[PDB]
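As C-alpha cells, the structure follows; a few thoughts come after it.
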Amino acid sequence: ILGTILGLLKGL
C-alpha cells in the first residue's frame, strides 16, 4: 500500500 498510493501519485 505505501508504494501504491504514492506510486500512483509519482506516476501521473
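Method of determination (from the header): solution NMR.
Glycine is treated like the rest: Cβ placed from N, Cα and C.
Annotated features, as they stand in Swiss-Prot:
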MOTIF     3-7  motif 'Dimerization motif 1'
MOD_RES   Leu6  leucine amide
MOTIF     7-11  motif 'Dimerization motif 2'
MOD_RES   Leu12  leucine amide
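Distance between Cα atoms for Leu12 (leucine amide) and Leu6 (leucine amide): 11 Å, as a whole number. When DSSP labels each residue, the motif 'Dimerization motif 1' (3-7) comes out as 3 helix, 0 strand, 2 coil, counted as helix, strand and coil in that order. Local packing around the modified residues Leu6, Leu12 was summarised as the count of other Cβ atoms within 10 Å of each Cβ; on this measure the leading residue is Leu6. Reduced to three states, the DSSP call for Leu12 (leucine amide) is coil.
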